[PDB]
Amino acid sequence: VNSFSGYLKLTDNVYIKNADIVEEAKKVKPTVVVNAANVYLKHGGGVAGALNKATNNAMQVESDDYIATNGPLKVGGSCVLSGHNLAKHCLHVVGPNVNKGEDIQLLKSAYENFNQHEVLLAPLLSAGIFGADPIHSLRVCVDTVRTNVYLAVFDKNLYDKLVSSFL
Ligand SMILES: CC(=O)Nc1nc(C)c(S(=O)(=O)Nc2ccc(C)c(C#N)c2)s1
């Protein structure tokens, strides 16, 4: 039993809710919140910009030190950093950004990072400003992640379409 509330169960291990991931993180304080990161951990907009704003920019400060030490992530890769006031940990996962021409097949590799964590609160990777089809992202999530994933979808219209079209 965990503290996630109001989710629709899609599969044995995948759950979905219309929710603001920031507000959901602040309420659940999950062990792991997933950020929709880029390789530079520049958290300017989308989910990343919102998560970082909720940490009063502490996420960005920590991230800049990480990059200065380690260099950029790979597309499809991840790193674990602090969850600040939102979660114990933040798993920064880089899905491909279609608006940069990145290979959509890297989306499966990105979701594989979730399997290193037993339970996660997450957005749909490569959705939103990353330019992929969120229905495709949900399909890859379900077909790749084996651990327990609680997906937060900000847009109510999108949420209804994702549920109604789910096979
Ligand atoms: C303040 C605010 O926007 N909070 C949000 N929480 C969620 C779950 C969304 S989402 O449903 O649009 N998913 C989503 C997924 C991936 C990206 C890159 C983007 C972008 N950009 C968005 S937005």
# chains A, B, ... in the order shown; residues from 1 in each chain; ligands from 1
>>> residues_near_ligand(ligand="ligand 1", cutoff="7 Å", atoms="only C-alpha atoms and all ligand atoms", output="list in words")
residues 19, 20, 21, 22, 36, 45, 46, 47, 50, 123, 124, 125, 126, 127, 128, 129, 130, 152, 153, 154 and 155 of chain A
>>> write_last_selection(atoms="N, CA and C atoms", output="mmCIF file, in the first residue's frame")
data_model
loop_
_atom_site.group_PDB
_atom_site.id
_atom_site.type_symbol
_atom_site.label_atom_id
_atom_site.label_comp_id
_atom_site.auth_asym_id
_atom_site.auth_seq_id
_atom_site.Cartn_x
_atom_site.Cartn_y
_atom_site.Cartn_z
ATOM 1 N N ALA A 19 -3.285 15.333 -13.206
ATOM 2 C CA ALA A 19 -2.762 16.057 -12.060
ATOM 3 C C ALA A 19 -1.548 16.847 -12.484
ATOM 4 N N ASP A 20 -1.300 17.922 -11.740
ATOM 5 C CA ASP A 20 -0.079 18.698 -11.851
ATOM 6 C C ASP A 20 0.988 17.947 -11.063
ATOM 7 N N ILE A 21 2.049 17.518 -11.748
ATOM 8 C CA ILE A 21 3.088 16.732 -11.091
ATOM 9 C C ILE A 21 3.704 17.484 -9.921
ATOM 10 N N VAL A 22 3.808 18.815 -10.019
ATOM 11 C CA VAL A 22 4.361 19.608 -8.919
ATOM 12 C C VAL A 22 3.479 19.471 -7.684
ATOM 13 N N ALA A 36 11.397 15.528 -16.626
ATOM 14 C CA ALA A 36 11.569 15.519 -18.077
ATOM 15 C C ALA A 36 12.744 16.435 -18.402
ATOM 16 N N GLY A 45 11.625 25.066 -18.991
ATOM 17 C CA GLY A 45 10.212 25.069 -19.313
ATOM 18 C C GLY A 45 9.643 23.673 -19.204
ATOM 19 N N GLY A 46 8.373 23.559 -19.579
ATOM 20 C CA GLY A 46 7.710 22.280 -19.478
ATOM 21 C C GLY A 46 7.692 21.782 -18.046
ATOM 22 N N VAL A 47 7.717 20.456 -17.911
ATOM 23 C CA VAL A 47 7.768 19.841 -16.592
ATOM 24 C C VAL A 47 9.008 20.288 -15.831
ATOM 25 N N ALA A 50 8.768 23.755 -14.404
ATOM 26 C CA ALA A 50 7.821 23.793 -13.296
ATOM 27 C C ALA A 50 8.397 23.153 -12.034
ATOM 28 N N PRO A 123 6.072 12.069 -15.328
ATOM 29 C CA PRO A 123 5.327 12.528 -16.498
ATOM 30 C C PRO A 123 5.559 11.556 -17.654
ATOM 31 N N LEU A 124 4.755 11.717 -18.701
ATOM 32 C CA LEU A 124 4.999 10.980 -19.933
ATOM 33 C C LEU A 124 6.239 11.528 -20.634
ATOM 34 N N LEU A 125 7.247 10.682 -20.800
ATOM 35 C CA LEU A 125 8.496 11.126 -21.400
ATOM 36 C C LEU A 125 8.281 11.535 -22.850
ATOM 37 N N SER A 126 9.004 12.572 -23.257
ATOM 38 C CA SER A 126 9.012 13.129 -24.599
ATOM 39 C C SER A 126 7.692 13.792 -24.980
ATOM 40 N N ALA A 127 6.715 13.863 -24.073
ATOM 41 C CA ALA A 127 5.463 14.553 -24.345
ATOM 42 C C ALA A 127 5.644 16.062 -24.166
ATOM 43 N N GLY A 128 4.547 16.806 -24.306
ATOM 44 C CA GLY A 128 4.610 18.247 -24.138
ATOM 45 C C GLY A 128 5.579 18.872 -25.117
ATOM 46 N N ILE A 129 6.414 19.785 -24.612
ATOM 47 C CA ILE A 129 7.329 20.531 -25.469
ATOM 48 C C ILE A 129 8.428 19.672 -26.082
ATOM 49 N N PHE A 130 8.565 18.399 -25.680
ATOM 50 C CA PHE A 130 9.502 17.507 -26.353
ATOM 51 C C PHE A 130 8.956 16.952 -27.666
ATOM 52 N N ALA A 152 1.433 11.364 -13.989
ATOM 53 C CA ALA A 152 0.675 12.596 -13.835
ATOM 54 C C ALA A 152 0.594 13.259 -15.202
ATOM 55 N N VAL A 153 -0.625 13.525 -15.663
ATOM 56 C CA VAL A 153 -0.872 14.195 -16.933
ATOM 57 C C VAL A 153 -1.554 15.518 -16.631
ATOM 58 N N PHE A 154 -0.877 16.621 -16.963
ATOM 59 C CA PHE A 154 -1.366 17.951 -16.604
ATOM 60 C C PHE A 154 -2.681 18.281 -17.313
ATOM 61 N N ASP A 155 -2.746 18.018 -18.613
ATOM 62 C CA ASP A 155 -3.858 18.493 -19.431
ATOM 63 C C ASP A 155 -5.041 17.531 -19.330
#
>>> closest_atom_pairs(of="region 77-159 of chain A", to="region 1-18 of chain A", cutoff="12 Å", atoms="only C-alpha atoms", output="Markdown table")
| residue | atom | partner | partner_atom | distance |
| --- | --- | --- | --- | --- |
| A:114 | CA | A:14 | CA | 11.7 |
| A:115 | CA | A:13 | CA | 11.3 |
| A:118 | CA | A:13 | CA | 10.2 |
| A:119 | CA | A:2 | CA | 9.3 |
| A:120 | CA | A:14 | CA | 10.0 |
| A:121 | CA | A:4 | CA | 8.9 |
| A:122 | CA | A:16 | CA | 9.6 |
| A:123 | CA | A:16 | CA | 9.6 |
| A:124 | CA | A:16 | CA | 10.0 |
| A:138 | CA | A:14 | CA | 9.6 |
| A:139 | CA | A:14 | CA | 10.7 |
| A:140 | CA | A:14 | CA | 11.5 |
| A:141 | CA | A:14 | CA | 8.3 |
| A:142 | CA | A:14 | CA | 6.5 |
| A:143 | CA | A:14 | CA | 10.0 |
| A:144 | CA | A:14 | CA | 10.5 |
| A:145 | CA | A:13 | CA | 8.1 |
| A:146 | CA | A:13 | CA | 6.5 |
| A:147 | CA | A:13 | CA | 6.2 |
| A:148 | CA | A:13 | CA | 4.7 |
| A:149 | CA | A:14 | CA | 5.1 |
| A:150 | CA | A:15 | CA | 4.8 |
| A:151 | CA | A:16 | CA | 4.7 |
| A:152 | CA | A:17 | CA | 5.2 |
| A:153 | CA | A:18 | CA | 4.8 |
| A:154 | CA | A:18 | CA | 5.7 |
| A:155 | CA | A:18 | CA | 6.8 |
| A:156 | CA | A:18 | CA | 5.8 |
| A:157 | CA | A:18 | CA | 9.1 |
| A:158 | CA | A:18 | CA | 8.7 |
| A:159 | CA | A:18 | CA | 5.9 |
>>> closest_residue(among="A:86, A:91, A:41, A:110", to="residue 72 (chain A)", atoms="only C-alpha atoms")
A:41
>>> select_by_dssp(residues="region 16-108 of chain A", states="alpha helix (DSSP H)", output="PyMOL selection string")
chain A and resi 21-28+46-54+58-70+106-108
>>> write_last_selection(atoms="N, CA and C atoms", output="CSV table (one decimal), in the first residue's frame")
chain,number,residue,atom,x,y,z
A,21,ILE,N,2.0,17.5,-11.7
A,21,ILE,CA,3.1,16.7,-11.1
A,21,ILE,C,3.7,17.5,-9.9
A,22,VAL,N,3.8,18.8,-10.0
A,22,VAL,CA,4.4,19.6,-8.9
A,22,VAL,C,3.5,19.5,-7.7
A,23,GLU,N,2.2,19.7,-7.9
A,23,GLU,CA,1.3,19.6,-6.7
A,23,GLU,C,1.1,18.2,-6.2
A,24,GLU,N,1.2,17.2,-7.1
A,24,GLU,CA,1.2,15.8,-6.7
A,24,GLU,C,2.5,15.4,-5.9
A,25,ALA,N,3.6,15.9,-6.3
A,25,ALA,CA,4.9,15.6,-5.6
A,25,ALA,C,4.8,16.3,-4.2
A,26,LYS,N,4.4,17.6,-4.1
A,26,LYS,CA,4.3,18.2,-2.8
A,26,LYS,C,3.4,17.6,-1.8
A,27,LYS,N,2.4,16.9,-2.3
A,27,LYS,CA,1.4,16.2,-1.4
A,27,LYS,C,1.9,14.8,-1.1
A,28,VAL,N,2.3,14.0,-2.1
A,28,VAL,CA,2.7,12.6,-1.8
A,28,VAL,C,4.1,12.6,-1.1
A,46,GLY,N,8.4,23.6,-19.6
A,46,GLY,CA,7.7,22.3,-19.5
A,46,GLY,C,7.7,21.8,-18.0
A,47,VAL,N,7.7,20.5,-17.9
A,47,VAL,CA,7.8,19.8,-16.6
A,47,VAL,C,9.0,20.3,-15.8
A,48,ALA,N,10.2,20.3,-16.5
A,48,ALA,CA,11.4,20.7,-15.8
A,48,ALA,C,11.3,22.1,-15.3
A,49,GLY,N,10.9,23.0,-16.1
A,49,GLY,CA,10.8,24.4,-15.6
A,49,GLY,C,9.9,24.5,-14.4
A,50,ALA,N,8.8,23.8,-14.4
A,50,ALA,CA,7.8,23.8,-13.3
A,50,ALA,C,8.4,23.2,-12.0
A,51,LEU,N,9.0,22.0,-12.2
A,51,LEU,CA,9.6,21.3,-11.0
A,51,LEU,C,10.7,22.2,-10.4
A,52,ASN,N,11.5,22.8,-11.2
A,52,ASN,CA,12.6,23.6,-10.7
A,52,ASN,C,12.1,24.9,-10.0
A,53,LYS,N,11.0,25.5,-10.5
A,53,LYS,CA,10.4,26.7,-9.9
A,53,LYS,C,9.9,26.3,-8.5
A,54,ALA,N,9.3,25.2,-8.4
A,54,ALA,CA,8.8,24.7,-7.1
A,54,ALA,C,9.9,24.5,-6.0
A,58,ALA,N,16.6,25.6,-6.4
A,58,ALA,CA,17.6,24.7,-5.9
A,58,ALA,C,17.9,23.6,-6.8
A,59,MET,N,16.9,23.0,-7.5
A,59,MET,CA,17.2,22.0,-8.4
A,59,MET,C,18.2,22.4,-9.5
A,60,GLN,N,18.0,23.7,-10.0
A,60,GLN,CA,19.0,24.2,-11.0
A,60,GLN,C,20.4,24.3,-10.5
A,61,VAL,N,20.5,24.8,-9.3
A,61,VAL,CA,21.8,25.0,-8.6
A,61,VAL,C,22.5,23.7,-8.5
A,62,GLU,N,21.8,22.7,-8.0
A,62,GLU,CA,22.4,21.3,-7.8
A,62,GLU,C,22.7,20.8,-9.2
A,63,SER,N,21.9,21.0,-10.2
A,63,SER,CA,22.1,20.4,-11.5
A,63,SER,C,23.3,21.0,-12.2
A,64,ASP,N,23.5,22.4,-12.0
A,64,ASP,CA,24.7,23.0,-12.6
A,64,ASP,C,26.0,22.4,-12.0
A,65,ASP,N,26.0,22.2,-10.7
A,65,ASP,CA,27.2,21.5,-10.1
A,65,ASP,C,27.4,20.1,-10.7
A,66,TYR,N,26.3,19.4,-10.9
A,66,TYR,CA,26.4,18.0,-11.5
A,66,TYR,C,27.0,18.1,-12.9
A,67,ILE,N,26.5,19.0,-13.7
A,67,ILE,CA,27.0,19.1,-15.1
A,67,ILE,C,28.5,19.5,-15.1
A,68,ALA,N,28.8,20.5,-14.2
A,68,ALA,CA,30.2,21.0,-14.2
A,68,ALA,C,31.2,19.8,-13.8
A,69,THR,N,30.7,18.9,-13.0
A,69,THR,CA,31.6,17.7,-12.6
A,69,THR,C,31.6,16.6,-13.6
A,70,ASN,N,30.4,16.3,-14.2
A,70,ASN,CA,30.2,15.1,-15.0
A,70,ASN,C,30.0,15.3,-16.5
A,106,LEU,N,14.8,6.2,-29.1
A,106,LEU,CA,15.5,6.4,-27.8
A,106,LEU,C,14.5,6.5,-26.7
A,107,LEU,N,13.2,6.6,-27.0
A,107,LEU,CA,12.2,6.7,-25.9
A,107,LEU,C,12.2,5.5,-25.0
A,108,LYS,N,12.3,4.3,-25.6
A,108,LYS,CA,12.3,3.0,-24.8
A,108,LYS,C,13.5,3.0,-23.9
>>> select_by_dssp(residues="chain A", states="strand (DSSP E or B)", output="PyMOL selection string")
chain A and resi 8-9+14-18+32-36+78-82+89-93+119-122+148-153
>>> closest_residue(among="A:31, A:105, A:38, A:56", to="residue 88 (chain A)", atoms="only C-alpha atoms")
A:31
>>> residues_around(residues="residue 135 (chain A)", least_positions_apart="4", cutoff="8 Å", atoms="only C-alpha atoms", output="JSON, numbers by chain")
{"A": [139, 162, 165, 166]}
>>> atom_distance(atom1="CA of residue 100 (chain A)", atom2="CA of residue 161 (chain A)")
25.7 Å
